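> Below is a structure I'd like to ask you about.
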Protein chains: 2
Amino acid sequence: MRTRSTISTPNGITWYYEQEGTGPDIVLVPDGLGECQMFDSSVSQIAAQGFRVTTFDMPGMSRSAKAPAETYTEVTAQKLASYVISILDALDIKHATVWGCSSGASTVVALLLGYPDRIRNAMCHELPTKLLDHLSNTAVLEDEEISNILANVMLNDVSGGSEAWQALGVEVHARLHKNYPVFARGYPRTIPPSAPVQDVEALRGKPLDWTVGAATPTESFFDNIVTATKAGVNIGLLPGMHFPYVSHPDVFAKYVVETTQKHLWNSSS
Amino acid sequence: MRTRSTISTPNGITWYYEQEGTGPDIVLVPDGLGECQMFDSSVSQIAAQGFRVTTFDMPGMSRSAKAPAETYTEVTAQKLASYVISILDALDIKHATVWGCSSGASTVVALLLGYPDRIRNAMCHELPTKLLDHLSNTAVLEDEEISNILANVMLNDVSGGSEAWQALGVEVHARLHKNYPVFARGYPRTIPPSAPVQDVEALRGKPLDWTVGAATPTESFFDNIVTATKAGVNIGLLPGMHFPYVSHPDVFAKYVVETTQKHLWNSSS
Ligand SMILES: C[C@H]1CCCC(=O)CCC/C=C/c2cc(O)cc(O)c2C(=O)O1
Ligand SMILES: C[C@H]1CCCC(=O)CCC/C=C/c2cc(O)cc(O)c2C(=O)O1
Ligand SMILES: [K+]
Ligand SMILES: [K+]
């Protein structure tokens, strides 16, 4: 029942995308590694509740590698939001619920603020707002060293579930191996300063649901909790750390379905 | 230069206390384990900046164990605050800066709200507001089983630094071993409901500085970050987890000195 295909947008990107289901649109935006096979189990569980679920590899990453250099260098939340609107236009998705973690969280908040007509509600997880010099400094290393460093960081530090991370399988980890240097060179120096959470008053009253990983060290996304609270935005926890859709796919799917259902009820009111 | 002595209060407690320095008073209230040797390094560093620093073992714990059963059973923040005021009265400390972690955090917020004339400013760290059934249920075990389990929890789950925790040494750990059953049967069921942070407007504008451990899992004190932000209370991080005075004594001492200095400036202004 899963469609697995490609589509070309006039910004030069040939996207790899997947779709499953019929009903209101839910769109799952990857984190900065840009790999949508991380959503495989959750896509089926969400679509089974009466939704059309779309996800895709991000430009320059995995199976969406046929893209111009400006789509995967000096990457900002605003650039990524423009690229997601281009694929939603191409797939004739006029109204969508959106999920994103990390650079995907920055993307979905930029989509909600920038394209309010198009976005029913946004779920953002672990949105990066601070530069991390130790991450930024990987960008000048050789490709094989970047891949070794970041593969180990994902497995041992931020997966929230090493057994689930390994169980993504050989083909996914071979794609991620090639993405690590693209991500290192294009994301960490430019994504955090582009975070669309400068203006707390712009967030107030918006259909935004924000999460942090329960096991994530407090310091990592402390600022997300403060910002959401100041803006009166719903803020809570998912199990695990930076990849709840990998570590806890059934909890993740249930969260996405229940949050979408809450906004469908409120919108009809 | 350090006083190490005992003093009896009319509520029946014989306190073990320490004192060092001259200048404005800073009082360091222990966490639920009630062991003031955890402050030893920091007492000297804070006192050397021009302050009189006082600390003590808590009633029923360590060298303050000669105390009525009411002082270490069905313990609440408001009971602990009344006991701390009794020792400050006995030592002729009229106006104090106070620090506390855990049940000590609940105590110092109860002190600031209940005795505003006596408290210059309060620093609270990791204030427990939720019941933890796994902890409350230790109370029905045998004393040696409680001590074995909670010694392991302290080292591996909340110390924030296994080397510094073990380096407290045999004398300290032997006193903690006797305290674990007293803590387990007195604190976990009654401390969290007594948390004096249910009235958010009562906190607004108060001379309160709140911290959580940087390495603490986000879920542990997520509610502290939300509550402080809603009240407009200064909220930030210290390195480590539940015992920054053990894991990072020099950073802890600097934080206590700087925060006290900020309130001395603001008091004069
Ligand atoms: C790729 C994924 C795993 C990156 C995981 C990682 O490096 C741990 C720190 C959490 C920050 C992630 C991150 C930071 C940025 O500055 C820019 C980003 O796009 C991300 C991000 O997308 O997270
Ligand atoms: C020292 C540590 C002991 C117990 C430390 C522990 O097991 C987890 C620390 C988080 C909560 C601690 C705590 C919880 C309560 O319900 C009541 C308390 O008095 C505390 C408390 O004092 O913390
Ligand atoms: K699950
Ligand atoms: K230190």
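Chain identifiers are assigned as A, B, and so on, following the order in which chains appear in the structure tokens; residues are numbered from 1 within each chain, and ligands are numbered from 1 in order of appearance.
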Using only C-alpha atoms and a distance of at most 10 Å, pull out the residues of chain A that contact chain B, as a PyMOL selection string.
chain A and resi 212-223+225-230+232+235-239+241
> Please produce, as JSON lines, a per-residue contact table for chain B versus ligand 2 (criterion: any atom at most 6 Å away, only C-alpha atoms and all ligand atoms considered), showing the nearest atom pair and its distance in Å to one decimal, sorted by chain then residue number.

{"residue": "B:31", "atom": "CA", "partner": "ligand 2", "partner_atom_place_in_ligand_line": "22 (O)", "distance": 4.7}
{"residue": "B:32", "atom": "CA", "partner": "ligand 2", "partner_atom_place_in_ligand_line": "22 (O)", "distance": 3.3}
{"residue": "B:33", "atom": "CA", "partner": "ligand 2", "partner_atom_place_in_ligand_line": "1 (C)", "distance": 5.2}
{"residue": "B:102", "atom": "CA", "partner": "ligand 2", "partner_atom_place_in_ligand_line": "22 (O)", "distance": 4.3}
{"residue": "B:103", "atom": "CA", "partner": "ligand 2", "partner_atom_place_in_ligand_line": "19 (O)", "distance": 4.1}
{"residue": "B:128", "atom": "CA", "partner": "ligand 2", "partner_atom_place_in_ligand_line": "14 (C)", "distance": 5.5}
{"residue": "B:131", "atom": "CA", "partner": "ligand 2", "partner_atom_place_in_ligand_line": "16 (O)", "distance": 5.8}
{"residue": "B:187", "atom": "CA", "partner": "ligand 2", "partner_atom_place_in_ligand_line": "19 (O)", "distance": 5.1}
{"residue": "B:188", "atom": "CA", "partner": "ligand 2", "partner_atom_place_in_ligand_line": "16 (O)", "distance": 3.7}
{"residue": "B:191", "atom": "CA", "partner": "ligand 2", "partner_atom_place_in_ligand_line": "17 (C)", "distance": 5.2}
{"residue": "B:192", "atom": "CA", "partner": "ligand 2", "partner_atom_place_in_ligand_line": "16 (O)", "distance": 5.4}
> Please provide chain B as an mmCIF file with C-alpha atoms, in the first residue's frame, once it has been superposed on chain A by least squares across all sequentially paired Cα atoms.

data_model
loop_
_atom_site.group_PDB
_atom_site.id
_atom_site.type_symbol
_atom_site.label_atom_id
_atom_site.label_comp_id
_atom_site.auth_asym_id
_atom_site.auth_seq_id
_atom_site.Cartn_x
_atom_site.Cartn_y
_atom_site.Cartn_z
ATOM 1 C CA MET B 1 -0.215 0.189 -0.314
ATOM 2 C CA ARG B 2 2.898 2.461 -0.033
ATOM 3 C CA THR B 3 3.861 4.621 -3.029
ATOM 4 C CA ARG B 4 7.684 4.854 -3.369
ATOM 5 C CA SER B 5 8.666 7.160 -6.221
ATOM 6 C CA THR B 6 10.518 10.303 -7.368
ATOM 7 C CA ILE B 7 9.268 13.749 -8.384
ATOM 8 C CA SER B 8 11.233 16.770 -9.727
ATOM 9 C CA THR B 9 10.500 20.361 -8.676
ATOM 10 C CA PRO B 10 11.312 23.530 -10.674
ATOM 11 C CA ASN B 11 14.042 24.483 -8.136
ATOM 12 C CA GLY B 12 16.143 21.604 -9.587
ATOM 13 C CA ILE B 13 15.586 18.958 -6.865
ATOM 14 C CA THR B 14 14.659 15.373 -7.739
ATOM 15 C CA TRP B 15 12.954 14.125 -4.573
ATOM 16 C CA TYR B 16 12.569 10.552 -3.378
ATOM 17 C CA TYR B 17 9.161 10.425 -1.614
ATOM 18 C CA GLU B 18 6.822 7.876 -0.061
ATOM 19 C CA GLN B 19 3.051 8.118 0.472
ATOM 20 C CA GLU B 20 0.468 5.877 2.147
ATOM 21 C CA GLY B 21 -3.196 6.210 3.058
ATOM 22 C CA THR B 22 -6.175 8.440 2.308
ATOM 23 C CA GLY B 23 -7.602 11.228 4.430
ATOM 24 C CA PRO B 24 -6.249 14.517 5.756
ATOM 25 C CA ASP B 25 -2.575 15.022 4.908
ATOM 26 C CA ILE B 26 0.225 14.493 7.443
ATOM 27 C CA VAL B 27 3.780 15.218 6.243
ATOM 28 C CA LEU B 28 6.824 13.845 8.151
ATOM 29 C CA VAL B 29 9.916 16.037 7.589
ATOM 30 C CA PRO B 30 13.266 14.328 8.383
ATOM 31 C CA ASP B 31 15.905 15.667 10.747
ATOM 32 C CA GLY B 32 19.165 17.018 9.274
ATOM 33 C CA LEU B 33 20.326 13.542 8.145
ATOM 34 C CA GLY B 34 17.405 13.711 5.605
ATOM 35 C CA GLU B 35 16.620 9.923 5.653
ATOM 36 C CA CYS B 36 12.872 9.094 5.447
ATOM 37 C CA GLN B 37 13.245 5.292 5.980
ATOM 38 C CA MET B 38 13.454 6.290 9.694
ATOM 39 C CA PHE B 39 9.639 6.810 9.486
ATOM 40 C CA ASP B 40 8.778 3.465 7.789
ATOM 41 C CA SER B 41 6.969 1.740 10.731
ATOM 42 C CA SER B 42 5.209 4.933 11.805
ATOM 43 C CA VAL B 43 3.965 5.833 8.263
ATOM 44 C CA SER B 44 1.853 2.598 8.179
ATOM 45 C CA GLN B 45 0.538 3.073 11.727
ATOM 46 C CA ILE B 46 -0.488 6.728 11.159
ATOM 47 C CA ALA B 47 -2.032 6.041 7.678
ATOM 48 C CA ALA B 48 -4.126 3.161 9.193
ATOM 49 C CA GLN B 49 -5.958 5.772 11.353
ATOM 50 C CA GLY B 50 -7.463 7.517 8.275
ATOM 51 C CA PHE B 51 -4.702 9.895 7.026
ATOM 52 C CA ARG B 52 -2.637 10.327 3.847
ATOM 53 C CA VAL B 53 0.967 10.310 5.101
ATOM 54 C CA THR B 54 3.819 11.692 2.935
ATOM 55 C CA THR B 55 7.548 11.763 3.637
ATOM 56 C CA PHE B 56 10.701 12.231 1.548
ATOM 57 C CA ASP B 57 14.477 12.312 1.694
ATOM 58 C CA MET B 58 15.787 15.917 2.060
ATOM 59 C CA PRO B 59 17.694 17.688 -0.750
ATOM 60 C CA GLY B 60 21.262 16.427 -1.167
ATOM 61 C CA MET B 61 20.599 13.499 1.216
ATOM 62 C CA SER B 62 20.000 9.779 0.591
ATOM 63 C CA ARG B 63 17.786 9.243 -2.519
ATOM 64 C CA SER B 64 17.091 13.017 -2.969
ATOM 65 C CA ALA B 65 20.788 13.697 -3.660
ATOM 66 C CA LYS B 66 20.152 14.976 -7.247
ATOM 67 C CA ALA B 67 19.794 18.643 -6.305
ATOM 68 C CA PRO B 68 21.633 21.942 -6.804
ATOM 69 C CA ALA B 69 24.466 22.724 -4.332
ATOM 70 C CA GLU B 70 22.493 25.757 -2.992
ATOM 71 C CA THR B 71 19.848 23.321 -1.513
ATOM 72 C CA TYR B 72 22.423 21.544 0.804
ATOM 73 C CA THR B 73 24.911 24.385 1.511
ATOM 74 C CA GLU B 74 24.347 27.355 3.886
ATOM 75 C CA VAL B 75 21.078 25.686 4.854
ATOM 76 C CA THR B 76 18.448 27.649 6.827
ATOM 77 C CA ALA B 77 14.982 26.821 8.161
ATOM 78 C CA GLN B 78 13.532 29.284 5.592
ATOM 79 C CA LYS B 79 15.349 27.600 2.677
ATOM 80 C CA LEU B 80 14.120 24.159 3.834
ATOM 81 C CA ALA B 81 10.550 25.463 4.267
ATOM 82 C CA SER B 82 10.616 26.799 0.658
ATOM 83 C CA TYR B 83 11.787 23.338 -0.560
ATOM 84 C CA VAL B 84 9.078 21.469 1.390
ATOM 85 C CA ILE B 85 6.393 23.810 -0.049
ATOM 86 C CA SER B 86 7.764 22.974 -3.546
ATOM 87 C CA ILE B 87 7.243 19.209 -3.089
ATOM 88 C CA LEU B 88 3.787 19.739 -1.477
ATOM 89 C CA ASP B 89 2.871 21.861 -4.589
ATOM 90 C CA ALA B 90 4.185 19.062 -6.891
ATOM 91 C CA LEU B 91 2.092 16.400 -5.007
ATOM 92 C CA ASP B 92 -1.044 18.657 -4.884
ATOM 93 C CA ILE B 93 -1.062 18.704 -1.028
ATOM 94 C CA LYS B 94 -2.936 21.942 -0.230
ATOM 95 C CA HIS B 95 -3.391 21.632 3.593
ATOM 96 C CA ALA B 96 -1.060 19.554 5.761
ATOM 97 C CA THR B 97 -0.212 18.684 9.314
ATOM 98 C CA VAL B 98 3.614 18.682 9.550
ATOM 99 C CA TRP B 99 6.134 16.987 11.913
ATOM 100 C CA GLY B 100 9.825 17.756 12.170
ATOM 101 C CA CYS B 101 12.773 17.146 14.472
ATOM 102 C CA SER B 102 16.004 19.184 14.671
ATOM 103 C CA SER B 103 16.502 21.130 11.384
ATOM 104 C CA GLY B 104 13.095 19.592 10.531
ATOM 105 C CA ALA B 105 11.686 21.302 13.652
ATOM 106 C CA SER B 106 13.035 24.666 12.527
ATOM 107 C CA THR B 107 11.578 23.927 9.056
ATOM 108 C CA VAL B 108 8.029 23.120 10.312
ATOM 109 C CA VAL B 109 7.900 26.286 12.511
ATOM 110 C CA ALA B 110 9.075 28.327 9.466
ATOM 111 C CA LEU B 111 6.327 26.571 7.411
ATOM 112 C CA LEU B 112 3.585 27.384 9.944
ATOM 113 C CA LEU B 113 4.661 31.063 10.265
ATOM 114 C CA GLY B 114 5.431 31.596 6.545
ATOM 115 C CA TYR B 115 2.602 29.599 4.891
ATOM 116 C CA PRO B 116 -0.283 29.752 7.411
ATOM 117 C CA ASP B 117 -2.918 28.926 4.725
ATOM 118 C CA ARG B 118 -1.051 25.612 3.934
ATOM 119 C CA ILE B 119 -0.333 24.308 7.483
ATOM 120 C CA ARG B 120 -3.084 22.895 9.709
ATOM 121 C CA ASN B 121 -0.732 22.437 12.681
ATOM 122 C CA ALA B 122 2.977 21.741 13.256
ATOM 123 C CA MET B 123 4.726 19.366 15.684
ATOM 124 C CA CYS B 124 8.331 20.420 16.432
ATOM 125 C CA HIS B 125 10.842 18.268 18.372
ATOM 126 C CA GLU B 126 14.254 19.380 19.750
ATOM 127 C CA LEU B 127 14.703 22.585 17.705
ATOM 128 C CA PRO B 128 18.357 23.743 17.609
ATOM 129 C CA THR B 129 18.813 27.391 18.560
ATOM 130 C CA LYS B 130 22.493 27.368 19.712
ATOM 131 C CA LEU B 131 25.713 26.952 17.782
ATOM 132 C CA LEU B 132 27.802 23.916 18.782
ATOM 133 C CA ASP B 133 31.467 24.661 17.896
ATOM 134 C CA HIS B 134 32.537 20.952 18.228
ATOM 135 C CA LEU B 135 29.919 20.091 15.538
ATOM 136 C CA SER B 136 30.617 23.112 13.248
ATOM 137 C CA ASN B 137 34.386 22.281 13.301
ATOM 138 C CA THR B 138 33.855 18.747 11.844
ATOM 139 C CA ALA B 139 33.359 20.460 8.412
ATOM 140 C CA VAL B 140 37.145 20.863 7.860
ATOM 141 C CA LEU B 141 37.852 17.090 8.305
ATOM 142 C CA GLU B 142 38.024 14.504 5.471
ATOM 143 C CA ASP B 143 34.668 12.925 4.450
ATOM 144 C CA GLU B 144 35.472 9.455 5.979
ATOM 145 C CA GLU B 145 36.569 11.066 9.279
ATOM 146 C CA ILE B 146 33.261 13.046 9.477
ATOM 147 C CA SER B 147 31.218 9.879 8.746
ATOM 148 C CA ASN B 148 33.090 7.805 11.367
ATOM 149 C CA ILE B 149 32.759 10.494 14.072
ATOM 150 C CA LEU B 150 29.068 11.378 13.389
ATOM 151 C CA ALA B 151 27.971 7.710 13.037
ATOM 152 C CA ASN B 152 29.421 7.186 16.547
ATOM 153 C CA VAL B 153 27.732 10.359 17.931
ATOM 154 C CA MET B 154 24.346 9.363 16.517
ATOM 155 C CA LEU B 155 24.471 5.828 17.998
ATOM 156 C CA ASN B 156 25.947 6.647 21.434
ATOM 157 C CA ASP B 157 24.854 10.245 22.231
ATOM 158 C CA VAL B 158 21.430 11.052 20.596
ATOM 159 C CA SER B 159 19.744 7.886 19.193
ATOM 160 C CA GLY B 160 17.779 7.280 22.431
ATOM 161 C CA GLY B 161 17.916 3.503 21.723
ATOM 162 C CA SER B 162 21.064 1.751 20.440
ATOM 163 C CA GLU B 163 19.218 -1.505 19.446
ATOM 164 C CA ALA B 164 16.567 0.304 17.343
ATOM 165 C CA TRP B 165 19.239 2.591 15.834
ATOM 166 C CA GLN B 166 21.441 -0.334 14.668
ATOM 167 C CA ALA B 167 18.289 -2.228 13.536
ATOM 168 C CA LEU B 168 17.749 0.489 10.839
ATOM 169 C CA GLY B 169 20.118 -1.889 8.966
ATOM 170 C CA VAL B 170 23.003 -1.769 6.509
ATOM 171 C CA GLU B 171 21.099 -0.097 3.605
ATOM 172 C CA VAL B 172 20.029 2.855 5.802
ATOM 173 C CA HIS B 173 23.407 3.220 7.588
ATOM 174 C CA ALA B 174 25.236 3.161 4.230
ATOM 175 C CA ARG B 175 23.045 6.078 3.020
ATOM 176 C CA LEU B 176 23.610 7.947 6.352
ATOM 177 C CA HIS B 177 27.394 7.397 6.012
ATOM 178 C CA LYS B 178 27.300 9.429 2.735
ATOM 179 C CA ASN B 179 25.007 12.071 4.249
ATOM 180 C CA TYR B 180 27.176 12.891 7.301
ATOM 181 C CA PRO B 181 29.677 15.078 5.368
ATOM 182 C CA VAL B 182 26.875 16.852 3.455
ATOM 183 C CA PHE B 183 25.098 17.586 6.781
ATOM 184 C CA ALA B 184 28.344 18.656 8.505
ATOM 185 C CA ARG B 185 29.352 21.133 5.713
ATOM 186 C CA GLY B 186 25.787 22.513 5.147
ATOM 187 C CA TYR B 187 23.771 22.683 8.400
ATOM 188 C CA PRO B 188 25.511 23.353 11.764
ATOM 189 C CA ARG B 189 26.717 26.959 11.178
ATOM 190 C CA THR B 190 23.567 28.300 9.426
ATOM 191 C CA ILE B 191 20.637 26.267 10.934
ATOM 192 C CA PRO B 192 20.759 27.493 14.587
ATOM 193 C CA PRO B 193 20.836 31.255 13.761
ATOM 194 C CA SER B 194 17.859 30.776 11.381
ATOM 195 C CA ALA B 195 15.689 29.403 14.230
ATOM 196 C CA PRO B 196 12.236 31.040 13.820
ATOM 197 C CA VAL B 197 11.593 31.205 17.580
ATOM 198 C CA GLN B 198 13.405 34.544 18.384
ATOM 199 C CA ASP B 199 10.047 36.463 18.138
ATOM 200 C CA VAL B 200 8.093 34.883 21.018
ATOM 201 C CA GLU B 201 4.900 36.884 20.345
ATOM 202 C CA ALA B 202 4.765 35.532 16.731
ATOM 203 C CA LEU B 203 4.339 31.994 18.232
ATOM 204 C CA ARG B 204 1.545 32.917 20.677
ATOM 205 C CA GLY B 205 -1.828 31.375 19.732
ATOM 206 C CA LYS B 206 -0.327 29.337 16.830
ATOM 207 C CA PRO B 207 -1.294 25.652 16.247
ATOM 208 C CA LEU B 208 2.150 24.390 17.429
ATOM 209 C CA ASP B 209 2.894 21.381 19.668
ATOM 210 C CA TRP B 210 6.507 21.162 20.906
ATOM 211 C CA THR B 211 8.306 18.153 22.359
ATOM 212 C CA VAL B 212 11.734 17.268 23.802
ATOM 213 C CA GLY B 213 13.058 13.758 24.519
ATOM 214 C CA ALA B 214 12.441 12.485 28.050
ATOM 215 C CA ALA B 215 15.957 10.981 28.279
ATOM 216 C CA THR B 216 17.726 13.927 26.569
ATOM 217 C CA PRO B 217 20.112 15.717 28.986
ATOM 218 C CA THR B 218 18.321 18.796 30.356
ATOM 219 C CA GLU B 219 20.992 21.188 28.985
ATOM 220 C CA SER B 220 20.412 20.120 25.337
ATOM 221 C CA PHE B 221 16.940 21.676 24.780
ATOM 222 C CA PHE B 222 16.409 23.600 28.014
ATOM 223 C CA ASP B 223 15.906 26.714 25.815
ATOM 224 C CA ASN B 224 13.007 25.019 23.932
ATOM 225 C CA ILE B 225 11.092 24.470 27.235
ATOM 226 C CA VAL B 226 11.657 28.109 28.281
ATOM 227 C CA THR B 227 10.648 29.520 24.860
ATOM 228 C CA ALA B 228 7.518 27.344 24.498
ATOM 229 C CA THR B 229 6.371 28.257 28.048
ATOM 230 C CA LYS B 230 6.945 32.020 27.402
ATOM 231 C CA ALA B 231 4.820 31.713 24.179
ATOM 232 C CA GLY B 232 2.080 29.617 25.899
ATOM 233 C CA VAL B 233 2.771 26.840 23.331
ATOM 234 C CA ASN B 234 1.899 23.248 24.322
ATOM 235 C CA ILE B 235 5.240 21.605 25.416
ATOM 236 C CA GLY B 236 5.718 18.008 26.479
ATOM 237 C CA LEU B 237 7.932 14.962 26.273
ATOM 238 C CA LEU B 238 8.296 11.898 24.062
ATOM 239 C CA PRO B 239 10.252 8.826 25.170
ATOM 240 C CA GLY B 240 13.893 8.556 24.097
ATOM 241 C CA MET B 241 16.073 11.370 22.765
ATOM 242 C CA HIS B 242 16.500 12.892 19.273
ATOM 243 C CA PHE B 243 14.824 10.186 17.129
ATOM 244 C CA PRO B 244 11.534 9.125 18.799
ATOM 245 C CA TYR B 245 10.292 7.781 15.407
ATOM 246 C CA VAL B 246 13.248 5.279 15.512
ATOM 247 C CA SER B 247 13.471 4.512 19.272
ATOM 248 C CA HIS B 248 9.695 4.407 20.016
ATOM 249 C CA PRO B 249 7.808 4.232 16.691
ATOM 250 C CA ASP B 250 4.423 3.181 18.156
ATOM 251 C CA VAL B 251 4.435 5.984 20.792
ATOM 252 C CA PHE B 252 5.542 8.415 18.057
ATOM 253 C CA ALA B 253 2.727 7.286 15.694
ATOM 254 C CA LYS B 254 0.124 7.592 18.495
ATOM 255 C CA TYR B 255 1.342 11.139 19.340
ATOM 256 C CA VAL B 256 1.147 12.226 15.673
ATOM 257 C CA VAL B 257 -2.389 10.729 15.269
ATOM 258 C CA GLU B 258 -3.731 12.177 18.592
ATOM 259 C CA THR B 259 -2.250 15.661 17.966
ATOM 260 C CA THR B 260 -3.651 15.774 14.401
ATOM 261 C CA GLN B 261 -7.055 14.642 15.717
ATOM 262 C CA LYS B 262 -7.007 17.405 18.380
ATOM 263 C CA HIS B 263 -6.412 20.061 15.685
ATOM 264 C CA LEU B 264 -9.092 18.598 13.342
ATOM 265 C CA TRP B 265 -11.591 18.935 16.273
ATOM 266 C CA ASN B 266 -10.427 22.498 17.116
ATOM 267 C CA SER B 267 -10.536 23.478 13.325
ATOM 268 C CA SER B 268 -14.278 22.497 13.066
ATOM 269 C CA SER B 269 -15.031 24.265 16.457
#
> As a ChimeraX atom specification, which residues of stretch 75-219 of chain A does DSSP assign to alpha helix (DSSP H)?
/A:77-90,103-114,133-136,143-153,162-166,170-186,200-203,218-219
> Quick one: DSSP strand (DSSP E or B) residues in stretch 9-53 of chain A, as a list in words?
residues 14, 15, 16, 17, 18, 19, 20, 25, 26, 27, 28, 29, 52 and 53 of chain A
> Could you take the residues named above and write them with C-alpha atoms, as an mmCIF file, in the first residue's frame?

data_model
loop_
_atom_site.group_PDB
_atom_site.id
_atom_site.type_symbol
_atom_site.label_atom_id
_atom_site.label_comp_id
_atom_site.auth_asym_id
_atom_site.auth_seq_id
_atom_site.Cartn_x
_atom_site.Cartn_y
_atom_site.Cartn_z
ATOM 1 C CA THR A 14 14.471 15.433 -7.833
ATOM 2 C CA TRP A 15 12.911 14.149 -4.584
ATOM 3 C CA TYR A 16 12.545 10.578 -3.419
ATOM 4 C CA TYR A 17 9.204 10.384 -1.572
ATOM 5 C CA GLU A 18 6.816 7.861 -0.050
ATOM 6 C CA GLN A 19 3.055 8.049 0.466
ATOM 7 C CA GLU A 20 0.540 5.816 2.181
ATOM 8 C CA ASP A 25 -2.543 15.046 4.869
ATOM 9 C CA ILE A 26 0.234 14.439 7.448
ATOM 10 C CA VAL A 27 3.794 15.226 6.279
ATOM 11 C CA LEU A 28 6.868 13.847 8.150
ATOM 12 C CA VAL A 29 9.955 16.018 7.566
ATOM 13 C CA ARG A 52 -2.621 10.301 3.826
ATOM 14 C CA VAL A 53 1.013 10.308 5.065
#
